[PDB]
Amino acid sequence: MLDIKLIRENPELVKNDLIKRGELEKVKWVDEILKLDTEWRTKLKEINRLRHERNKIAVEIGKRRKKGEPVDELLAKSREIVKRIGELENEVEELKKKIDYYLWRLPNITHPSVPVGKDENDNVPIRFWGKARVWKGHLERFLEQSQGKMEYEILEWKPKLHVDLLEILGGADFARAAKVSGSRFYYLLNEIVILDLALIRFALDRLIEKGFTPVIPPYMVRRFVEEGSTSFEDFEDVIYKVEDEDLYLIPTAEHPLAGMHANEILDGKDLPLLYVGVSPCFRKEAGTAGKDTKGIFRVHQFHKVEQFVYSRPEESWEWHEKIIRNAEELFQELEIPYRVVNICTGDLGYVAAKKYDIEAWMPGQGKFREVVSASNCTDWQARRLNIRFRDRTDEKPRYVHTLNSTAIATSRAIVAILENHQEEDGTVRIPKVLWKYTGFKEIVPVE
């Protein structure tokens, strides 16, 4: 939700951001908002004018009681004032609802540091890490996407796609999943199940060492926490609702974590509040029904360890920068070459002010694919969930800033490990850092 103040004190700033975002059909809203806001104030100033009248008409009927008191009229003038006052109050009431309806439907104001663009093609790579293994046949695409700034090694043989690897590795059964649940669902098997759990613990241990409190939240939440966490467009495209209940399957632990302190006033002496949640994630993925990679890259359910941060507005950006690096550290230990990208205005989303994504190099796919995302939501969720804080128990509480970032979403971490650590025969070596969690050091094909 956007702060009506910000709109009153800079409609042009919002209209232009609305354009950098591509939300052109919504700039007209800026005006609509202000003219309503204006009307709201006018009716309010009339109510005061009227309350004051109520008073004068009052002292009068009295001042006339000690006189001829023909106050029969003033009594009628009084009855209409309360009538008007009510009408106005109700009118003001509705006027606020229309204002808020637009406010809840407006994307966060982007930071000046986010590049301007149309879509994912415009995101801007700002950093690379690792020695990518590239197939002779992807050499150009790689060099273009890496801008030549990344260390690589050419591969003789053609690296396989993760879906095929899971197969030769006996790690999954897609067909039976389709019979039981439908498309984009799956059964994970053997070593892959241990690897999944292992990735959760690894992620979990590290954020804990960095001081984040580990939480397992509710996987189903009430509607207000979903609408307080993202744009309403998500109820159609991504969020599953359960019949006959005010319960929605969470698409990320981010949401229940942000709901965890809805309607509170935190004590500044506690910030930053650091949470690291684990939870299955459920997504309709309606926009597609089958795009390309047909394994566990884009599915209906996946596990994800999430970093969530409550901070003072003055600390958010520094935190945005810390969490993204927390995620980067994991993949480096996991030995996954990648590139972090600054998402542009057109691919940014409604909730974020700025967003960094980690796109891992996928040897088999011949490309970089998103594997984690860190967003600074500033006060957007806060204003919605009413999450404020105060330092001195006598001052006006201010909204806090919220931030979230993937630590590890097992689904993709697994495709990245399978595609980046595969050997010609299909054998997949497990990054040394996970050995303490898996037991085995590699997964060999079955026969």
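Sequential numbering from 1, following the sequence displayed.
Between 282-290 and 328-336, it is 282-290 that carries the larger average Cα temperature factor according to the deposited entry. Once the C-alpha B-factors are averaged per stretch, 301-309 and 319-327 rank with 319-327 first. Per the PDB entry, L155 shows the highest C-alpha temperature factor of the residues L155, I358, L204, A352. In this entry, the residue among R384, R412, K28, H421 with the greatest C-alpha B factor is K28. In the deposited entry, the Cα temperature factor of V400 sits in the middle third of values across the chain's modelled residues. In the PDB entry, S78 places in the highest third of its chain by CA B-factor. Ranked by Cα temperature factor within the chain, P272 sits in the highest third according to the deposited record. When the CA B factors of the chain's modelled residues are split into thirds, the value for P112 lands in the highest one. In this PDB entry, the Cα temperature factor of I19 sits in the top third of its chain's modelled residues, the highest group.
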